[PDB]
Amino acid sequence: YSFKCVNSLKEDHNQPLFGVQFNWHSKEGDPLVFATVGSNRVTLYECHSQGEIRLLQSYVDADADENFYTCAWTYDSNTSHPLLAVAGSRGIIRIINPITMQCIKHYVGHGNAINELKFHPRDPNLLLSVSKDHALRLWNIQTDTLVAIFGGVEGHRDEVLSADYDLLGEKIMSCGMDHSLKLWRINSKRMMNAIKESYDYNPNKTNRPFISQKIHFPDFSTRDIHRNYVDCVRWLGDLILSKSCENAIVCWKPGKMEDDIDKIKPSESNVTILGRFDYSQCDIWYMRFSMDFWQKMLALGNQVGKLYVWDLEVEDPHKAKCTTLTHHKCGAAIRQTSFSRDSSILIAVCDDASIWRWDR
């Protein structure tokens, strides 16, 4: 996997762009579109030939003091139209119609900053938010219900910075400033039932409020992978990729080498390290890697505008093949990357509000 830099631009606000996401629910034949979030806005662009990045429209929050950190795409499960969720310092999740940029509805709960949003891989209505208040929450955006809060003293003890669902959306791994990675299974009887009841809730037809699950005990926890804030995590099948601000993505799994992930118990005290991908100059926290749709590759930018891309299409994780992408004018910290669904474009976004387009 090789790329060349075809364009770049800078947004007018000059504040960090903390998040970038292509819409992988784009319709066939339509051009590729991505969203950026930073300052108090989200902006959409369309990718065209000759490197063109065509500016469409933004949503700008009414509060000049909001600062959006994260966004995620889904679609309306009745109409198929794409939807974009965004959130950040105010702790309010907004669901935006990306065509008109109207905010269709919003959700409050965390009241406290939201550091990441992820939609479930099989159900477009299930949205996970992770917060500076130390909890994760799972919302159903079809019935507008809070399904569950994942927290308690056995939960995270400091800001949660990232989380990821596994392939089938059976379990979440979360991580944050307490240096720990925690697993929360959502295919328990209690959680599958809470999900089904969330779909059954319509406040116009009943008197009761919808009761959320309080999940106070993760199904596995470790602090033995990193020694500082853990700011991005992703499943790779039954293994985990996670990073801190220590210039390494560690590939690891709960338990011993031969332990099946669905047999791990909450008291498991071991982990197995399958590999580690080192890189340079990424000492600051809130720096996220992304993978392509197929999980064949992983990209991470660092604090001086260098991109690293690992090819994971190899027999074992430690055999990953790295290439790097540099441009003499890109020298600000890269906060997040995103691949188009077809893998032909990689976009990096930066602390000086610039956006960089690399074409395969």
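Numbers for residues come from their place in the sequence shown, where the first is 1.
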- In the PDB record, does 199-207 or 89-97 carry the higher mean Cα temperature factor? 199-207
- Query: Got a sec? Mean C-alpha B-factor, which is higher, 231-239 or 264-272?
  - Reply: 264-272
- Message: Can you tell me which of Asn78, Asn140, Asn247, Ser290 has the maximum CA B-factor listed in the PDB entry?
- Response: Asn78
- Hey, out of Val42, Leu56, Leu298, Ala64, whose CA B-factor is highest in the deposited coordinates? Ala64
- Give the position of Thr36 by CA B-factor within its chain, expressed as the lowest, middle or highest third. lowest
- Note on the structure: On the chain's distribution of Cα B-factors, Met177 falls within the third called highest
- Query: Taking the entry's C-alpha B-factors for this chain, is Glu154 in the lowest, middle or highest third?
  - Reply: highest
- Query: Where does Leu167 sit by CA temperature factor within its chain: lowest, middle or highest third?
  - Reply: highest
- Give the position of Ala348 by CA B-factor within its chain, expressed as the lowest, middle or highest third. lowest
